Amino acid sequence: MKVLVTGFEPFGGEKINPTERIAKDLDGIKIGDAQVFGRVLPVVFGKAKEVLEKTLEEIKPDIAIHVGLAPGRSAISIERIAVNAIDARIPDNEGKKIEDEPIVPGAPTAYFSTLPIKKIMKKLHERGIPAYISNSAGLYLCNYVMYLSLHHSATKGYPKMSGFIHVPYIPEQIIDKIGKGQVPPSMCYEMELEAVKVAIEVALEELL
């Protein structure tokens, strides 16, 4: 079984993106008898599409789990829906901000995630990791690769399971926000990584 786990580079503002570390730390491990690959996507619409599609073609994973930073979220959120729209608030890392374009013209308005989101959520709860299901992943790069991946699954037949997991800030990112008079929630890195490993394990146990 191959599993692709992606993460992103530092989105605008942040100096660190914990999903870049989760991708690198899971690269090359084996969970059960499944090889796990970990790749870090650019936060550039276009280039991220190019890279995501080469990686999908090249590895042909059975399960792809895309992970991103959700600033200000307080628990792990498992994404339910990806939607066919880009309405970027911030610019991407090249400086382009896209207001209301579709991702794939004429492709469906939305795709539901194919990961077993409620079993992933229940198992995370059993391990004491607070987690919930979110119904919107945003309309910037996190939703763009979540849509592109489930579109690829519908079109080409693989990956067989695709989905997105958003993670809080890790504590070390909070301490310079304190300075600007704000203290957003955080989760420690080790719980974040453990969470996307539990996700890979219950996706594998479902996927035959």
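The first residue of the shown sequence is 1; numbering continues from there.
Colleague: Tell me which of 187-195 and 7-15 has the higher mean C-alpha B-factor in the deposited entry.
Modeller: It is 7-15.
Colleague: If you average the CA temperature factors over each stretch, which comes out higher, 139-147 or 45-53?
Modeller: If you average the C-alpha B-factors of 139-147 and of 45-53, the larger mean comes out for 45-53.
Colleague: Which one, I170, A70, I178, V67, has the peak C-alpha temperature factor per the PDB entry?
Modeller: The listed residue with the largest C-alpha B-factor is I178.
Colleague: Among the chain's modelled residues, which third holds the C-alpha B-factor of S74?
Modeller: Lowest third of the chain for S74's C-alpha B-factor.
Colleague: So where's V40 on the chain's Cα temperature factor ranking, which third?
Modeller: For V40, whose C-alpha B-factor we compare with every modelled residue in the chain, the answer is the middle third.
Colleague: Sorting by Cα B-factor within the chain, modelled residues only, which third would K156 end up in: lowest, middle or highest?
Modeller: For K156, whose C-alpha B-factor we compare with every modelled residue in the chain, the answer is the middle third.
Colleague: Lowest, middle or highest third: where is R80 by C-alpha B factor in its chain?
Modeller: CA B-factor rank for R80: lowest third.
Colleague: Please place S113 in the lowest, middle or highest third of its chain by C-alpha B factor as given in the entry.
Modeller: CA B-factor rank for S113: middle third.
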